[PDB]
Amino acid sequence: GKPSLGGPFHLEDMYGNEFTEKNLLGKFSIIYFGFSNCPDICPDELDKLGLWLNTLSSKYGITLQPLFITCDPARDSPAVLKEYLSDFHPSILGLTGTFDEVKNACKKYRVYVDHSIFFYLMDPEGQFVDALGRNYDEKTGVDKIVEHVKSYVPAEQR
Ligand SMILES: [Cu+2]
Ligand SMILES: [Cu+2]
Ligand SMILES: [Cu+2]
């Protein structure tokens, strides 16, 4: 009985474009919370996410929409997020906004530096399907993700 994680939110990507929960529709999305000034933890996770994406694209032909939402809207402005994610996978898009907008998002995912231990996988309907924690390595994470994308049905049982 998975919790009611996720929900409507209104942010902007590291380029200023509007991005809301509607942007999650039509694809599998993997979301990660953290901040550019986050110590050792976040950098390792984003590196791990990069291995998953690479193996997923080249081995299973699956492409995800990787999103990095900041929790420190005070310092992580768009420009700052682009700088920060230049050391990581190009596919990753950082999202940010005002205190209120960022506050809402973090809340909808029940995220209240050591809480950035989960990746949230969302289906083409924008629904929560699984939370991958630190116990998944570069191998087991790929496995789990692959069975979710392969067993997903439009929930419209056409
Ligand atoms: Cu946070
Ligand atoms: Cu947060
Ligand atoms: Cu927060």
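Using this note's numbering, you'd call the opening residue of the sequence shown number 2 and step up by one each time. Using N, Cα and C, we set each Cβ at its ideal position, and we do this for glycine too.
- prompt: If you follow the beta strand (DSSP E) that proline 67 is part of, which residue opens it and which one closes it?
  reply: 66–71
query: With 16 other CB atoms within 10 Å as the buried threshold, where does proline 91 fall?
result: exposed
Bridge-paired residues (DSSP) for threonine 21: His11
- prompt: Which residues mark the beginning and the end of the beta strand (DSSP E) in which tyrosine 16 is found?
  reply: From DSSP, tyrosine 16 is part of no beta strand (DSSP E); its letter is neither H nor E.
field: Alpha-carbon to alpha-carbon, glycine 35 and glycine 127
entry: 21 Å
query: Comparing alpha-carbon positions, which option in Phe100, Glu139 and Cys72 lies nearest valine 112?
result: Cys72
- prompt: In the DSSP assignment, what residue or residues form a beta bridge with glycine 95?
  reply: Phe69
field: Identity of the residues DSSP links to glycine 35 by a beta bridge
entry: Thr71
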